[PDB]
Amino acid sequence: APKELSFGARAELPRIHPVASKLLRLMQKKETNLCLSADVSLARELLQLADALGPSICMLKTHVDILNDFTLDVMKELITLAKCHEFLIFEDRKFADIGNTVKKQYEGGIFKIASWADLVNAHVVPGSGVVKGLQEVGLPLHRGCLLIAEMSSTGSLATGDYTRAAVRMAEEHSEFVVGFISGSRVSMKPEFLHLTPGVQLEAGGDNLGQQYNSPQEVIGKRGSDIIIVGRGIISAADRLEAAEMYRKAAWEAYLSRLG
């Protein structure tokens, strides 16, 4: 493997996407490679978490279709927090339809996801039309996309040639695609981010197929860039001290890998 570059140096790579470079520079400024999976159903709790944990995170990942009281003004308030504390907003929509449909789902409907999400993600199962359709909205809005190359869950079919196809599709749509959701490093090109869910400090899983690995395993041994942490933080009593524990774990694993 080529010699590892710092996040700050990766932010300067000739082929880097502007959204990736903004992310990489705030990761190095803030010493955080933690993405908070803000898995709550109340706008107040989402906003209180974003404000308190904002300084500790590089990214806040939302499922806005689980917010009981979603409005676009909630997302305006989230953007204010994102700008104040310096983190990106990633809507974990997992687009997975034909290109003509995802185009509408990204721009339109109640959620107007493209209006407030810096990043979205997509499954590669439909073929590259899924990326084509999203990019016809996302490119004019200066957004980025992550392709789901592997999943954390038991029985995942995102393996082998499927994973290779995701990497190829990302390479070929680099104007819009900034990286992967994956369990490890899947691309050797340093311009691409790797974000990894299924992360907790302790061993375990849930009863619906989620499986966990630690920040040291995921960042240090498996070579990913960012950990996505949900229940490990959200279910804790003190979510701020939980986020700090995850931040320091992921940051030190990165530093020790960087040498």
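Definition used throughout: the rigid core is the maximal C-alpha set that superposes within 1.5 Å between two forms. Position 1 is the first residue in the sequence shown; the rest follow in order.
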Original post:
Fit on the core, then compare CA atoms: does 95-103 or 120-128 lie farther from this form in 5 other deposited structures of this protein?
Top reply: 95-103
Original post:
Mean CA B-factor: is it higher for 198-206 or for 28-36?
Top reply: 198-206
Original post:
Looking at the entry, does 168-176 or 144-152 show the higher mean C-alpha B-factor?
Top reply: 168-176
Original post:
Based on what the PDB entry reports, which of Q105, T159, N121, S115 has the top C-alpha B-factor?
Top reply: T159
Subject >> Largest Cα B-factor, entry values, listed residues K248, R10, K22, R239 >> reply: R239
**OP:** Classify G220 as lowest, middle or highest third according to the C-alpha B-factor given in the PDB entry, relative to its own chain.
**Re:** highest
Original post:
Against its chain's modelled residues, does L46's Cα B factor rank lowest, middle or highest third?
Top reply: middle
Original post:
Should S56 be placed in the lowest, middle or highest third of its chain by the C-alpha B factor in the entry?
Top reply: lowest
Subject >> Third of the chain, ranked by Cα B-factor, where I234 sits >> reply: lowest
Subject >> Modelled-residue ranking by C-alpha temperature factor, third containing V64 >> reply: lowest
